[PDB]
Each structure stands twice: as C-alpha cells, then as structure tokens.
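Presented as structure tokens, the chain that follows is alone, the form solved without 3-phenyl-1H-pyrrolo[3,2-b]pyridine.
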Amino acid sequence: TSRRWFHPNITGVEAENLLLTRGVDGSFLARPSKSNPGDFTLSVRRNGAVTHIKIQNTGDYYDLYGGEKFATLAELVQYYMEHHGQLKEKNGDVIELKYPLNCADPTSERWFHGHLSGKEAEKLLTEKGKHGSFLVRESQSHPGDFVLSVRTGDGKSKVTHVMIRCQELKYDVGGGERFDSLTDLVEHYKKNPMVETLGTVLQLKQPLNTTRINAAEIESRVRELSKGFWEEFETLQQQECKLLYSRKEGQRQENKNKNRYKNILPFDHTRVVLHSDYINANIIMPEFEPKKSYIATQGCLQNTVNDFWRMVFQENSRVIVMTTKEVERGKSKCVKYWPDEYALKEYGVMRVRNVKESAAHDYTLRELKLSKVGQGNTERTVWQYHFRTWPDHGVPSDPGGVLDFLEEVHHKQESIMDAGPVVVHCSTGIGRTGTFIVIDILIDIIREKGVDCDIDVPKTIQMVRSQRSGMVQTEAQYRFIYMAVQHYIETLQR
C-alpha cells in the first residue's frame, strides 16, 4: 500500500529509465507533471514501452485524461489497481496498472528533515515532543549516514539516537535486515520496535511536528515557505493513504446519478443520511488534542435539489455558504436552488421563501425561510451567503475578500443559538469547499485563543480529509490558506 508509487522529484527521463530498468510490464508510477501547477503524470510500462498519461487538477478534481475524475490520486490508483477500473486507450484495449514502482526518496515524509543539527534535533524533541515522537536527519559527524532520534517517556523522559548507515544503496541500523529505502526501515521499526538491553522499548509512534507554528510568527514563516509551500504540500499529500475509507453508499447504482462525478463520493462513516437516504455530503467537525461544525457538499443537481433541502432541514443548518459565483455550465447540470427575491418556491415538501437579498461586493446574502409543507411551525430562517468574486482560474489574489465573508458567516452562525452545521458548497465540494472550511477553522482558533496560539495547517487538513476525501485540492489552495490566515493576523494586531 501507501503512496510509494509517487515520485516527488524525478523527470520524464528518469521515469522512463526507472520503468525500463527496474520495472516490468504493468509497472507504473506517479510524478508531479510540474510546468503547470496542479498537473501530474502517470507513467506506465505496457508493451515493453512507457506511456504517459496526464492527470489534471485545477481547483475541483483530479481528471485522468482518458479515464474519469477522482478526489485524490490514492483513490485514483486504488480504483484501477483494485476494484472495477479499466484505463482504456484510444483504441479500446486495457492499460494495466499492476505494480507500483516504489520511491526510495523519503523527502516527503513527516519524519525526514534532512540537514538538521544534532543538538537542534534534541532542541525540537525536548520542546515539541512526547512519548514515541521521532525524526530522521542527516548525520554530519560521519557524515552521509542518518540519525534516527526518539523521545522516550524533570528526568523521567529521555531522547535516544540510532545511527542509520547508508551502504551500497541499502539502509540499516547496525544489525538485522537491510532496506531498500528509509521508509522501508522506518515502517519496519514502527511495527517491530527496537528494545534496549535494559528494557527500554523504542516506540516510533508519530513523527515530530515541523508545521505547528506560533500564530505571531507567521510573517516569519510565510516568507520561508515562499522565498517551500509545495514541499510542505507533498508531505501532506503523502498522508492520503491512511484515508482510503469505503464510499460504498455512493457506488450503489440507484445512487450513482445523485453524484456529480461517479468516483468522487462521500465516506460512508460521515455521510449525511436522509429519511432515498443518499446525498453527496459529509459532516465535518473539527477535533484536536461546543465548537462549530460544517457540512461539505456538491452544488445540487437537477435531481438532488429536493434532497439538498431535506438535508438543510433535518440538520438544523441555518447558514449556507455557496462558494461559486454562478450555477454550473451545461456540463454536468446543477440548478438554482433558491427563489428570486420576494418569491417563494417549493422543492418537494420543502418550501423556501426569499425575503431579502443584500448585495455586497464579494457576495450576495439572501435571507430565506425554510419549512415543511403543511407545518408552518417548522419554519426557520436560513442565511445564504453567496461568494461571487472567486476567479475561474486559481485563487483570489486578495485574501481580504474571503476573510470578511467568513467573518460575516461566523457572526451569523453564532447569532443563532443551537444551530446545526454550516453548509458549504462548490461544484465538487472538495476543492473550494475545503479551502473555505479550513480557513474558517483556523481563524476560529485565532479568534478563540488570540495571536499566541500554536496552529498546524497540514494537521488541520489531514484532520478534515479524514471526514471527506480530498479536502483542499491544490498547492494554490494550500498557499492561499496561508495568505488568508497571515492576513487575519496582521489586522487582528490592531
């Protein structure tokens, strides 16, 4: 398993070479296509030759040229390596994705930090670590070898330093097996822990945090990532293998047209269940180590408008965030789910009346009135915030537009006591939707705990992606979350 078939920094040249040398027919690998931010390439050996297949991620999905569309590259591979999945060529014959060709490079791992000091290691471990926290860094005393550092357990706690020797392309600790990549070695002692002769077990629980920062020191972090963003984004993307939960309910043939794209589905364990019980959406509630919940969803189709309002209804949601400026093109349907001003409309047994539109600059706010037909006592106010100034390509160049908006959504939500989840949507309800939610969770924490709070951008996202697949799609979205957060900080300090 894992994303070992992902190669962060090889080339089309090296890809073909690796595939023709240490690869057989059916072998394959993935690599960022670079050149265009969001592009990827899946290189495949079939007829004793390598073929290259574009994968496009603009803001909303991973599009396999040739195949279909997915929420994460992991899910893409899973679907073809296992499951019903057949990549068909121009003719109509199969392109077999049998054998992941594993990457030896450990750069995109949370535990690998490269050139770091030996005291700087203990520096971090002491401050930001707990039991079973660990990291792998380049040796400098030898050098060339590696040092694995673990925190075990003042005085009750300690730190230990295991030298990893690189010899003839193979890795080892000083005894026992030797390994093909660092990841192999780490993944092996994660499962078969080392034991000290005096009984101390060397648990490699979780890697140490290099992304958790003090909200005050944000200007002095962005510049670092700028000056890298994509370097932190790939380490994020590499976690996506622990989040391949089943999405069975969406794959039902009776539920297939209720989805925009048949392979972009909600997790079974967090899907919204109706009571015909199916809508492409998941609850998102933020957990850490009372609050405000969200629902992430796709913009309703011709055949789900009704179910959309049942959801809004049964979930007591009183705020709706529509992140797209306009209802979708003729491609893949979508509908207008709200009444014109001073109008009312009935979506099945759900009636909704538009009592006031307020046109701002970045957004229209529509005060609506939701109720079941026949039950004027079920009526409640629902607030549709419709963001209008999100570019067709990329992300806004000004983060203030989205911040104000979000500031306004927060206040509306907090205005109502005991309201349900905030409903946030876009075309797929993973890219744009996930961007808005993450920023709204980050800012809430800064609102709550002031500018002196430690915050972790990728942990927050990974935490979200556990509840709906592929929340935040692109490096562009990642970096925008950092700019928006940073922007809120330097206005908050005033």
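One-based numbering along the sequence shown.
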For the step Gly153 to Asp154, what size class fits the number of deposited residues with no coordinates, none, 1 to 3, 4 to 9, or 10 or more?
4 to 9
Relative to the deposited sequence, how many residues with no modelled coordinates occur between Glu289 and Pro290 (none, 1 to 3, 4 to 9, 10 or more)?
4 to 9
With reference to the PDB entry, specify whether the mean Cα temperature factor is higher for 352-360 or for 210-218.
210-218
Stretch exceeding the other in mean C-alpha B-factor - 199-207, 305-313:
199-207
From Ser246, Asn263, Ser157, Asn280, the top C-alpha temperature factor is at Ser157
Given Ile445, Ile437, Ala30, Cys426, the residue at which the Cα B factor reaches its maximum
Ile445
Chain-wide C-alpha B factor ranking for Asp60, given as lowest, middle or highest third
lowest
Could you look up the Cα B-factor of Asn36 in the entry and say which third of the chain it sits in: lowest, middle or highest?
highest
Lowest, middle or highest third: where is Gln477 by C-alpha B factor in its chain?
lowest
So where's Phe405 on the chain's Cα temperature factor ranking, which third?
lowest
Based on the deposited C-alpha B factors for this chain, I'd like to know if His188 is in the lowest, middle or highest third.
middle
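The same protein also has a form solved in complex with 3-phenyl-1H-pyrrolo[3,2-b]pyridine, omitted here; what follows describes it.
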Which of 155-163, 177-185, 234-242, 139-147 lines the interface with 3-phenyl-1H-pyrrolo[3,2-b]pyridine in the bound PDB entry (heavy atom within 4.5 Å):
234-242
Please tell me whether any heavy atom belonging to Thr51 falls inside 4.5 Å of a heavy atom of 3-phenyl-1H-pyrrolo[3,2-b]pyridine, as the geometry stands in the bound PDB entry.
no
Is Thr270 near 3-phenyl-1H-pyrrolo[3,2-b]pyridine? Define near as a heavy atom within 4.5 Å, in the bound PDB entry.
no
Does the 4.5 Å heavy atom contact test between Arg46 and 3-phenyl-1H-pyrrolo[3,2-b]pyridine in the bound PDB entry come out positive?
no
When the contact criterion is heavy atoms within 4.5 Å, does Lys369 count as touching 3-phenyl-1H-pyrrolo[3,2-b]pyridine in the bound PDB entry?
no
So which of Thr211, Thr364, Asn354, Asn306 reaches within 4.5 angstroms of 3-phenyl-1H-pyrrolo[3,2-b]pyridine in the bound PDB entry, heavy atom to heavy atom?
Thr211
Proximity to 3-phenyl-1H-pyrrolo[3,2-b]pyridine in the bound PDB entry, single hit among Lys412, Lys190, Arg110, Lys292 (heavy atom within 4.5 Å):
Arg110
